[PDB]
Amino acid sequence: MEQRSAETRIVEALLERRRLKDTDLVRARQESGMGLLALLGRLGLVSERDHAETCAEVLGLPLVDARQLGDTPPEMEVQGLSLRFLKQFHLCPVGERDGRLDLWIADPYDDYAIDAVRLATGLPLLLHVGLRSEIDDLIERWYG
């Protein structure tokens, strides 16, 4: 159906909301490997909060914060996700309710990562956007 990419719509919304300066965006254009929004985050040009916010607006997804998560994992399995994978992709299973896996995710526009999670777990997902470092903190607190 194919109108514009989720990343493109997020970048456009960052500009329009003035969470990103057009001068900064023009300077950003690879090469660590690095997606555009990744590079903006790494150059210090978009805050984690405004990244999360905008991802949530564009994709219509709920936002979840660190107040909402307890000190140890809730219960449930969950297969196919190594601790390393969680850390690399910055996402974290946080619960299972009505036959769906609640997944806290930094980069909900990344269809490669999501399709990886869908295939590895074999579970239907419910995506919740979280600030990158908050997800990282929970992964470590809950594991390693």
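For every residue, the number given is its place in the sequence shown, counted from 1.
Asks: Using what the record says, work out whether there is a hole in the model between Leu119 and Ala120 and how many deposited residues it spans (none, 1 to 3, 4 to 9, 10 or more).
Replies: Missing residues, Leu119 to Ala120: none.
Asks: For the step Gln30 to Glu31, what size class fits the number of deposited residues with no coordinates, none, 1 to 3, 4 to 9, or 10 or more?
Replies: In the deposited sequence, 1 to 3 residues between these two have no coordinates.
Asks: Higher average CA B factor in the deposited record is what I'm after, so tell me if that's 12-20 or 127-135.
Replies: Between 127-135 and 12-20, it is 12-20 that shows the higher mean C-alpha B-factor.
Asks: Higher average CA B factor in the deposited record is what I'm after, so tell me if that's 80-88 or 106-114.
Replies: So the stretch with the higher mean C-alpha B-factor is 80-88.
Asks: Comparing recorded Cα B-factors across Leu101, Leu59, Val26, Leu63, which one is largest?
Replies: So the option with the highest C-alpha B-factor is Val26.
Asks: Once the chain's modelled residues are ordered by C-alpha B factor and cut into thirds, is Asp50 in the lowest, middle or highest one?
Replies: Within its chain, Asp50 is a lowest-third residue by C-alpha B-factor, going by the deposited values.
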